[PDB]
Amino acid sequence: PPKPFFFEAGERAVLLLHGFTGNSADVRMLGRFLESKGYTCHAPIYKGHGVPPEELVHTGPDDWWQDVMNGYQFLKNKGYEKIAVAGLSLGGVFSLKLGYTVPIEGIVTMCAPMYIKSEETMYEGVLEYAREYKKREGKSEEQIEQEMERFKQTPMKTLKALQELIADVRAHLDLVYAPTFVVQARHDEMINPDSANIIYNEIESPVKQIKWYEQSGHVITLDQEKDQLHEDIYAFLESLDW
């Protein structure tokens, strides 16, 4: 039962944003590493996430965006003047957007999608997520099946809005000016890795970096190169003015 977290440390703050169907557990270790290096971190959980899959179906980017903004406000109200943001997958798309919406010290996108998938494909992914969750609950193949059939009676009408989010941020990359570090798994199995080149080339940021990880999979924060990832993000954050 994942929960949002808030690792308090130095005056430099970093908002950590997870991806679609993910939760704060996907960016916790990164938060712990940054905390140890003196960076206070805050990771909210989007609505519909960190709960049974049935609750995800009726939420969309308009809801998750609120969670992102309130997460930023969380830190501000806590007194933190300058805030950086690192997002994983869809979290990276929100980081870019936040980057041209409110004051941001630096932006780190980690395997953020910049290609538009069809609703059919996105939904397939949601089905895998739901079935995998029910398996983790311990339920049997029999109960899973019955619950998945009920699950399918209710279509997810927010996938068109998810396509709209990606398209909108992609169309507004030229509004990004804050220092950005584009992180990407060279052999990403979930999104088109070329997404990293679109972000890196289209943002207007005078300070922009891109790094490819050759051994990692899509969820780079939980893969075999997380230690290098941590070091790279830390070095990037340390290079900012603050």
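Numbers follow the displayed sequence, beginning with 1.
Trainee: I need to verify one thing: averaged over C-alpha atoms only, is the B-factor higher for 35-43 or for 204-212?
Mentor: It is 35-43 that shows the higher mean C-alpha B-factor.
Trainee: Between 159-167 and 137-145, which has the higher average C-alpha B-factor in the PDB entry?
Mentor: According to the PDB entry, the answer is 137-145.
Trainee: From 91, 79, 106, 113, which pick has the Cα B-factor that tops the rest in the entry?
Mentor: 79 has the highest C-alpha B-factor of those listed.
Trainee: Relative to the other modelled residues in the chain, which third contains the C-alpha temperature factor of residue 10: lowest, middle or highest?
Mentor: Highest third, going by the recorded CA B-factors of the chain.
Trainee: Splitting the chain's C-alpha B-factors into thirds, which one does residue 75 fall into?
Mentor: Within its chain, residue 75 is a highest-third residue by C-alpha B-factor, going by the deposited values.
Trainee: Where does the C-alpha B-factor of residue 57 rank in its chain, lowest, middle or highest third?
Mentor: Middle third of the chain for residue 57's C-alpha B-factor.
Trainee: Would you please rank residue 154 by its C-alpha temperature factor against the other modelled residues of its chain and give the third it falls in: lowest, middle or highest?
Mentor: Highest third, going by the recorded CA B-factors of the chain.
Trainee: Would you mind ranking residue 63 by its C-alpha B-factor against the rest of the chain and naming the third, lowest, middle or highest?
Mentor: Answer is middle: the recorded C-alpha B-factor places it there.
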